[PDB]
Structure formats: structure tokens, C-alpha cells
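The chain that follows stands alone, in the form deposited in one PDB entry, written as C-alpha cells.
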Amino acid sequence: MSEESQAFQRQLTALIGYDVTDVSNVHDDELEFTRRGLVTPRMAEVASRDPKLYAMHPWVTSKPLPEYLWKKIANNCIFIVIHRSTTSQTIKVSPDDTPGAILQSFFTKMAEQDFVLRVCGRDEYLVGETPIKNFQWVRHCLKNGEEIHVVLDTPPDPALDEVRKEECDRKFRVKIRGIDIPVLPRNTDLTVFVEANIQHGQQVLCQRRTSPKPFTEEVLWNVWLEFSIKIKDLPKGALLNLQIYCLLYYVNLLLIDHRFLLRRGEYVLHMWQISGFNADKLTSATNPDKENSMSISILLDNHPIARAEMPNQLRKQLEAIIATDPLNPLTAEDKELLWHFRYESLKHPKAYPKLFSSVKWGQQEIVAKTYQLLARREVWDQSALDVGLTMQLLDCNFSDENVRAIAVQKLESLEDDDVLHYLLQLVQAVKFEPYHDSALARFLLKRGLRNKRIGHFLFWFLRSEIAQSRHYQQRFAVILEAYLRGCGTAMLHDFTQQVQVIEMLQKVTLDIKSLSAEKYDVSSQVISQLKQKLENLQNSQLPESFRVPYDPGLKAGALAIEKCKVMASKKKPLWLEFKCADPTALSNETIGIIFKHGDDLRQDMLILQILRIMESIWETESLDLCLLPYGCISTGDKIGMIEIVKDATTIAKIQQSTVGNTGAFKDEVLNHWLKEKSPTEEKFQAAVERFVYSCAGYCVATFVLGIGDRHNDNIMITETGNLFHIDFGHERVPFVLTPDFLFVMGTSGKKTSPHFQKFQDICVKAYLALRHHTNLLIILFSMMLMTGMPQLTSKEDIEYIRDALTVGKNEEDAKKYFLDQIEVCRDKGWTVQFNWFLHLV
């Protein structure tokens, strides 16, 4: 190993936030093997990407322009304003024109072919054989009434992304020797026993238990648990799952290892505890806290895996089963039917989840048939990719390598635009794989290595988990380290900049929190210190300029200490504001950023990403709802950063305006506020139209997700009329449609108007459009719960969204169902809003 090979690794370590060379917390070599595993996939992707297209990372889409953005072009001409230090001619361009082509009507329009269109003030480029209509920046401008400003500069040097050079028919059994903990005490001395489970996709194949013994600091069984399953019948991916009840602790051991060997010998496993179902319960990882943790002691002494058409009436049984939602439970009868008509089931892609849930993975012979089933995958391969279908196959119910592989195979066809919409959930999905090295992991790896925008967000999603998940940090760590070793020194440098900045600011964030009371107001002394610490940082600490983690196009510069401050909550976040490092920016506006420790922002990351998905759906059907899913990113334990949405105010503060009489409200302030922050009437109406759409979209999306019952506090509006929700960390009312909201639309307690009809129509249109993807939202929503909450109910909590999306009904009953929910809100009015407060005291 080189002397500067080890300075590389230690560089990596500090980016990663966890040291993958460490081997204190392993009982085998799976991770190191996975580090060696991923060297090929990486060096193939790095070896195959186009240096030029890679360096500029054009953000791009095949989807058609939606209806509602073509109406912003009633002339088949788009305006691009090219710049050059001072001057700038506005060039007239057809939606189908290529970057190279509109340089051909720029240079030819004057009277050297190696310049490039770069977005003014961002690290964004308009390049490669793509029609300008198909660039996200362009579409972004069209959606906002913004104009397309572009600067004529040089392509950046690919050299900046140089990657460096790297370097039996016996029944299974298991002796349970005993357990041992240093300190247990609670109050009374209860009994205790161990429960071993052979598991495969949350599915217990077999289960034994010890006699109970009294819970002393060391309990010793010296007992064989003979299982019914046989060695050969054990399927790759099967977890020996040891648990301790008196349910206190758990730990898992793969029974077949990353080399197909049968796990044999002595193991002393350090167990996880339960904070008194979710994805943590599955992890192959042991508890690294060897000093406080409970530990179980086992021994394994036990290589392997070495015509007729249907009578049209059962077909209708099948087809009804196939027609049911992912959280519909399959009865035994269902499964015997599905399985017996394998080859008929195979002709329906949507059937696969339900079909492979009907495999008996506890028998070599049936699995061997399941493998033969998959061998003829001609209907699947040719099928159109369905994301929700494909996801279902990657959740916690499917531990089979090949079942899982076929889903990954379908993802291959996603373009980056789409990978980006699902990346976070695809990352969380890695928690569901049995082995560290998996098709899914090599895919994520490969797609972020292929495109810097995905790479960037891969990083932060991986690092979010590493920083706070004992259960999955080691695995992610290995995946991340795989990536860093091929993202190229350009970005290695950019990530280092970002890690430093956020490390500095979290120090300041947490340091400030101590200084103020747990809850009351703003100490002048705290505003005094904050201003010093940031003046301290600004000089000989803070990197000249960093990329904004949630918006890597934007390079932040120096702070605006004058504008930075501590917020007026109970956790004490930092309103921070930054100059923009790019001097070609068209504007003077600041990069706003909030920094917060106290809420688990991972939840907020996830909910925001759904919102983003919902918008991509409404994009398919020519709908625009003006959701404002702001940037939000986790960085560590109960901590991270949030995008500041310029010009937004709290609806609550709009009622605190005068008095806010501990919980009084007044209807017309919201419309009155809008008039004030509108110069014309023209811009005021444009607000009411936006408030109508935003109000609609947040009403629908929030209702679907169960998070619709919120306070005015956690809801904001921009000056330009765009309502939005904040703060998704964990009588009743479905969504906020308070009498103030209805007033802006032009109504007050049981009446109708030209704009209220518009709201109703949109919600309905919008609501319906989500239901077209019912399956997708359900699988997301359920994955969400499992990988991103405390503990939860694998049926009940999920069940809500099923009821919500009004599963199994017809468009009219839905139209009706939601139109009832509206009517609930106009009946309650303030009664719930006013309630928060009543409980404070």
C-alpha cells in the first residue's frame, strides 16, 4: 500500500463519516469482499462514461412538454438571452432546436465552434443532441414566467474529473449456549427466553424456543434447538433470527454466506435493543457497542445449492386476485391457485409480486421451479416498466436474488430524470437486500457514477444513513466508498467543501442551542454570540464557496452575517443567508438556508420526495399544482439543512398580524395580505389563481399521505400567492381548507363562486390522477413507513392510504368521497385550528 494510498483512504473516511477499513464489528469478511466486489462495476462505468457529457451533466428528459407549458408558447418560438460579460442579444428559437443548432443561428446571425451554453449563475449547461424543449432548466423557466438567460463560456476540463489509480438431509439445528449482559435492571425480575426463527422475506419458515430461565445478568441454556427444515431446503438469503423476550433484543445471522457457504462454528453476537415491522429488524449487522449491549452465544455445527389451458372460471379467480392491491393479503387458497397456474400467472406482469409471494422458499424443489419460471421471462422483459410494480419486488417480502434481480433489470431502462425521482427510495430499498453486494447496489452505484447530479444526491442519501443508522451504516459506507472512488477529483473536492461547511455550521447550531433556554424567545446575548461565531467562521475556516447540497447547481459564497440569525422556536434553528459565488448571476438575491437539530429530517426528506413524485404524475396528465417541495437534507443525528423559500410567510403570522388573540382568527386577512404584496391587480389575480392551484395540490397530496391535519404555523404562502406546507416530522380534519382560504377563492361558509368551482374541479382532477397510480403510492407509502419511522404496523398504518385512495371504487364515488372531505372542512372551519392552543394549556 502506498504512503499516499492511505491518505486517500483517510480522505474518503472523512467524507464518508465512517471507516470501512475497521473490522471490530464483523464476524466474517462480507464487507471487505463487497469492497472488492464493487471494483469492477465501478471501473466499468468510469471506463464507459463520456468525459465531456459527464463533465457538464446536462439535465434532460424524453417526456413530452405537458399541455400547460405549450400554452406558454403561442408562436412556436422560445426566447433565449445569450450573454458575454456585458452585452446580450435575445435570440428567437423554435422548441425543437438543438444547442449546437442555435449556436448555428447565433454565429451565422452575426458575420470558435467549441463554446457552450451555460445557465447564468449556475453550474448548469445546455448541451448534447437534445431539443431545448427537453432541458429541465428551460421547462423550469417556462413554468415560472422567467426568461432563459445563458452565458457563452468554455466547456470545463474533463481532466478535472480524473479518477486516480486504485488497488445434506440432516435437519438444521443451532446450539444456544446462553446470553450475557452487564447491566439489565428495571424494577422487578421477570423471566427470559430465546426465540430462533429461520426467516426469508419477513416469512418465518420455522421457529423454536428455549425453556425460560430467570433473567439474571448471565443466562445459560447449553441447548440444541433442532428445526424441522433440512439443510438442502435452506434458501440463500435466509436469516437465522435470534430474539429475546421476557421482546427486548434481536440479532440476525445469514445462514448462507456471500460465498454460498453454510455458516458454521462459534458466534457471539451483540444484539440490538427495542425502543419501547420495520427495516432495522432485518439487518445482518451486529451492535457495535460491545460494552452495554446484550450478547447471545451460539454454535452452528451443520456447500449446498450445487400445454394445459385453464377452465375460464378459475381464470376469473386468478384475474381477480391479480387485480388486487399490494396490501391485499393472499389467502392460502389464493397462493395454491397462483402457484398451480404459474405459467398463466407469468403472462401478467402485475401478477409477479403476488405470485412470488406464493413460492414456498422453504423447499429446494419448488424454488428450482421458480428459477425455471424466471428462465422464460419474455412477457416481463418486453413489458413497459412499471415503477410501483418493480418496487414491490424490492421490498421486504422478497429475499430471492433472482426475483429481486428482475426488478433491477427493469430499472435499467429509467432515464436519469426518473432515477432522480425515485433515488431516495431506491437507496432506502438497499436495507431490504439480504447481502451487502446486490444488483440494486451496483445499480445505484452505476447510475450516480454515470451522472453527477445523481452522484451528488446519492452521496447525501448514503451519508444521511451512515451518519445515523447503526444498523446499516457499514453497508452504505461500503457502497458510498465505492462511489467516491470513481466520482472523479472534481467532485471529491466539491464534497469535501460541503462536508466542511456543514460540519462547521452544525457545531454552531448545537452550540447555540445549549446557550438559550429550552423554550423562551430570543436572548440578545444569543444573537450576540451567533454573530461572533459566524464572523469567526467567515475568516479562517469557511471554504471560499460551497455547492448547495440540496441544489448542486447553486454555488454559495460568503455569508451575509447581517441577515443570519437564530429562529424563535423551542429547538433553535439558524436562519442563514449566503451570497452567490457565481458573479454571472442575473440577480442579487441570497441563498437562504435553515439549519436545525431536533426534528428527524429524514422523514421530511422522504415526504418531500413523494410530493416531487406526485408532481411528476400530474405532469403525465397535463396537470400543474404549484407544489413547493423545498430542498431539505439530512446530515446526521436529528439534524440537517432546509431550503429557504424566498418571500414566504407563515399563515399563522398572517393571523398574528394583530393580536393573534391566543387563538382568535379573522377570515379576510389572507386576501388582504395578498393585495398588499401585489403592486397591480394583475399580479393579485395571478396570486389567487396560484393560491387556488397550490391550495388544491396541497389539499390532495396531503390528504393522500395522512399528514393533512396541520396547524397554520406549519403552513406558508409566498408573496406571489403560492401556498405550501412545512415540517413533516410526525376530533380531526382531512386537510386545511380554513375559512380564510375559502375567502380568497371568494366564499364563506356554505356558498359557491367561479373560483371555488375551479378548486373543486382541480382537486378532483388531481385526486383522480393520483388514483391512476394507486399501486405506486401504496408501495412508496409502505416502504416509507418501514425504512423511515420508529416501529410500525405492517398492515394497520399502511392501511390508511388504501382507504384514502378509495381503493376498489369507481371514479364517481371517488369524485364524491373527496368532495365530501372538502365539505367536512367548511363545516368545522376554525374548530380544529383554534384547538391547537387549547391543549398547550
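Only residues modelled in both forms are compared. Between two forms, the rigid core is defined as the largest C-alpha subset superposing within 1.5 Å. Residue numbers here begin at 1 and follow the sequence given.
A second form of this protein, the form deposited in another entry, is not displayed here; the remarks below concern that form.
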Kindly specify the one residue in 43, 69, 792, 53 whose Cα moves by 2 Å or more between the shown form and the other one, with superposition done on the rigid core. 792
If we fit on the core, is the Cα of residue 314 displaced 2 Å or more between the shown form and the other one? no
Given a superposition on the rigid core, I'd like a yes or no on whether residue 660 shifts its C-alpha by 2 Å or more between the shown form and the other one. yes
Sense of the change in Cα distance from residue 661 to residue 572 in the other form - at least 3 Å versus the shown form: closer
If I superpose on the rigid core and flag every C-alpha moving 2 Å or more, which consecutive runs of 3+ residues come out between the shown form and the other one, in sequence order? 304-306, 658-661, 791-794
